[PDB]
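Right, one structure below, let's go through it.
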Amino acid sequence: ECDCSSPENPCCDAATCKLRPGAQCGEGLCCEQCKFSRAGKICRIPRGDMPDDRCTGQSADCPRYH
């Protein structure tokens, strides 16, 4: 298993398919240049008045309220 889906992704070492040194992530709504996006950054807009989702600063995915 690999940190990045695609071998083209520079966030991962080609040889291992694991994140390159210093990288936090390689993909997701909350990944920017191989690092976690800023905590509190909007990452998902619903229609209507349901709450938006924001990045946590500790994960590369955009969380959901449940």
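Here, A, B, ... name the chains of the structure tokens in the order displayed, residue numbers run from 1 inside each chain, and ligands are numbered from 1 in the same displayed order.
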Exercise. Got a sec: who's within 7 Å of range 43-46 of chain A, counting only C-alpha atoms, leaving out chain neighbours fewer than 2 positions off, as a VMD selection string?
Worked result: chain A and resid 29 to 30 41 48 50 52 to 55 62
For this session: Could you give me, as JSON, numbers by chain, the residues within 12 Å of range 13-17 of chain A, counting only C-alpha atoms and dropping anything in the same chain fewer than 4 positions from it?
Result: {"A": [1, 2, 3, 4, 5, 6, 7, 8, 9, 21, 22, 23, 25, 26, 34]}
Export of the given selection (N, CA and C atoms) as a compact mmCIF listing (two decimals), in the first residue's frame:
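Ended up saving to selection.txt:
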# COMPACT_ATOMS: atom_id res chain seq x y z
N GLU A 1 0.75 -1.23 0.00
CA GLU A 1 0.00 0.00 0.00
C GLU A 1 0.79 1.30 0.00
N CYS A 2 0.18 2.27 -0.59
CA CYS A 2 0.86 3.42 -1.00
C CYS A 2 0.17 4.61 -0.40
N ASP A 3 0.96 5.61 -0.14
CA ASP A 3 0.49 6.89 0.30
C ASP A 3 -0.16 7.71 -0.81
N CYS A 4 0.19 7.44 -2.05
CA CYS A 4 -0.32 8.20 -3.16
C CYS A 4 -0.88 7.19 -4.14
N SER A 5 -2.02 7.48 -4.73
CA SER A 5 -2.64 6.65 -5.74
C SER A 5 -1.86 6.57 -7.03
N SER A 6 -1.24 7.65 -7.39
CA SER A 6 -0.61 7.71 -8.67
C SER A 6 0.90 7.83 -8.56
N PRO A 7 1.61 7.04 -9.36
CA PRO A 7 3.05 7.04 -9.41
C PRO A 7 3.59 8.36 -9.89
N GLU A 8 2.78 9.15 -10.54
CA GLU A 8 3.22 10.46 -10.97
C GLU A 8 3.27 11.46 -9.83
N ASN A 9 2.67 11.14 -8.70
CA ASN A 9 2.57 12.14 -7.66
C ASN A 9 3.87 12.40 -6.96
N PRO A 21 10.20 12.50 2.36
CA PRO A 21 10.52 13.03 3.66
C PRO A 21 9.99 14.44 3.79
N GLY A 22 9.41 14.68 4.93
CA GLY A 22 8.82 15.96 5.18
C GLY A 22 7.39 16.11 4.71
N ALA A 23 6.92 15.27 3.83
CA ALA A 23 5.54 15.37 3.38
C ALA A 23 4.51 14.85 4.41
N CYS A 25 1.09 14.61 3.27
CA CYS A 25 0.02 14.07 2.49
C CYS A 25 0.35 14.17 1.02
N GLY A 26 -0.37 13.43 0.21
CA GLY A 26 -0.28 13.56 -1.20
C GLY A 26 -1.54 13.86 -1.95
N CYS A 34 1.73 18.86 -0.54
CA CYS A 34 2.19 17.76 0.27
C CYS A 34 2.14 18.00 1.78
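Between CA of residue 38 in chain A and CA of residue 57 in chain A the separation is 5.1 Å.
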Exercise. Pick the closest to residue 28 in chain A from A:42, A:10, A:61, A:66: which is it, counting only C-alpha atoms?
Worked result: A:61
